[PDB]
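I have placed the structure first, in the form of structure tokens, so that the comments after it can refer back to it.
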Amino acid sequence: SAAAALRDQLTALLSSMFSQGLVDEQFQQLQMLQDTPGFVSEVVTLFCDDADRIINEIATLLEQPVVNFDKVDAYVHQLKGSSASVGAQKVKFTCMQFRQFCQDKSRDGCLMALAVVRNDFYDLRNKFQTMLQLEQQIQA
């Protein structure tokens with residue numbers, strides 16, 4: 001059936017997200033939490049919005065004549081925590097390393113770290129957006 005084909009598409013996508021290392025056990029636990037029916041889709045939507053917002057706030061801080069490195073570090077820590085909670089482990093590990101550049105008070109190191117944050121966020125956002133579209137069709 002059409003429904004069965006979409007289910008297999010979604011299973012295939014989720015399996016590749018885990019097998020490629022993009023998500024960890026915390027993401028598996030979101031699926032357990034849901035077992036509210038669109039819970040995971042809403043969590044993922046909000047995470048995409050929030051991460052994108054925080055990445056942009058960090059970028060802005062790093063554009064200032066004087067960089068407030070304590071506030072950079074605090075925003076990175078927030079993103080680390082939200083990423084951990086959805087299972088976005090690569091974004092999480094990049095945030096962990098990112099603290100050292102705040103301690104070094106290196107604007108250029110923070111900028112290079114934020115570019116890696118974007119790389120890992122966009123890789124996962126890609127798979128999340130495809131998941132959302134599949135989830136939408138399945139829920140129809």
Which residues, taken from the stretch 34-69, are closer than 23 Å to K127 by Cβ and over 18 Å from the mean Cα position of the chain (by Cα)? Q34, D35, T36, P37, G38
Need the failing condition index for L134 against (1) under 17 Å from the mean Cα position of the chain (by Cα); (2) under 19 Å from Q31 (Cβ atoms), just the number. (1)
Being closer than 13 Å to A51 by Cβ, assigned to a helix (DSSP H, G or I), under 9 Å from the mean Cα position of the chain (by Cα) and not β-branched (V, I, T) narrows it down to one residue among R125, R118; which is it? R125
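Yes or no, residue by residue, for (1) in contact with a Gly (Cβ under 6 Å, 6 or more places away or on another chain); (2) surrounded by fewer than 17 Cβ atoms within 10 Å (Cβ to Cβ); (3) not small (G, A, S); (4) not in a helix (DSSP H, G or I):
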position	(1), (2), (3), (4)
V40	no, no, yes, no
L46	no, yes, yes, no
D49	no, yes, yes, no
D52	no, yes, yes, no
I58	no, no, yes, no
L61	no, no, yes, no
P65	no, yes, yes, yes
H77	no, yes, yes, no
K80	no, no, yes, no
Yes or no: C110 touching a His at 6+ places or on another chain (Cβ under 9 Å) and assigned to a helix (DSSP H, G or I)? no
Identify, by number, the condition in (1) among the β-branched types (V, I, T); (2) surrounded by fewer than 18 Cβ atoms within 10 Å (Cβ to Cβ); (3) closer than 27 Å to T36 by Cα that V116 doesn't meet. (3)
Going residue by residue through the stretch 50-66, is there one that turns out to be in contact with a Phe, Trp or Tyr (Cβ under 8 Å, 6 or more places away or on another chain) and closer than 19 Å to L132 by Cα? yes
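Each value in this text was obtained by applying a stated rule to the coordinates, not by laboratory testing. For neighbour counting, all protein chains shown are included, and Cβ atoms are generated from backbone atoms with ideal geometry for every residue, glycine included.
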